[PDB]
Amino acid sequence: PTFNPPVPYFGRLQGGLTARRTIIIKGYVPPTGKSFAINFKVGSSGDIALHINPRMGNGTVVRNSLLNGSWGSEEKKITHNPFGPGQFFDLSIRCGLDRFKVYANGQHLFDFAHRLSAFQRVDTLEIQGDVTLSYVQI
């Protein structure tokens, strides 16, 4: 569903991830959550073009790709962490030609350069772990 979709969320991307296709994810970080993952995948149990993994313990926002069975180099730098315990957030993920552009609460969060060059093969949004979703638009 689009409203209050329960976790784990699996949503098919109609014609694959178009360049300029934006995904909106509104949710809530439970006060006793450890971590949640937003995964843009090549199907079920295939490559993850972008893995976004807020971790409540260290307050990190890890980005990586799982490609050909293996994790790449993590990217961690941010200017703000909107995923604090008990906080609501509004995410905007826009698939660019050369990078994802992610905003949280209207504010730039990070860019993630494409490691999977052919992003259009991304056909599955996956959201997992310790998160409550109010709204997901794909």
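Numbering starts at 1 and follows the sequence shown. Here the rigid core means the biggest group of C-alpha atoms that line up within 1.5 Å when the two forms are laid on top of each other.
Comparing 28-36 and 45-53 where Cα RMS over structures and residues is taken in 6 other deposited structures of this protein (core fit), larger one:
Output: 45-53, the stretch lying farther off on average in 6 other deposited structures of this protein.
So which stretch wins on mean C-alpha B-factor, 39-47 or 54-62?
Stretch with the greater average CA B-factor: 39-47.
For the C-alpha atoms alone, is the average B factor greater in 3-11 or in 129-137, going by the entry?
According to the entry, 3-11 carries the higher average C-alpha B-factor.
Where does the C-alpha B-factor of residue 24 rank in its chain, lowest, middle or highest third?
Middle third of the chain for residue 24's C-alpha B-factor.
Which third of the chain holds residue 105 when residues are ordered by C-alpha B factor: lowest, middle or highest?
Bottom third by C-alpha B-factor.
Using the B-factors in the PDB entry, rank residue 30's C-alpha atom against the chain and give the third, lowest, middle or highest.
Bottom third by C-alpha B-factor.
Going by the CA temperature factor in the PDB record, which third of the chain does residue 68 belong to: lowest, middle or highest?
For residue 68, the deposited C-alpha B-factor lands in the highest third.
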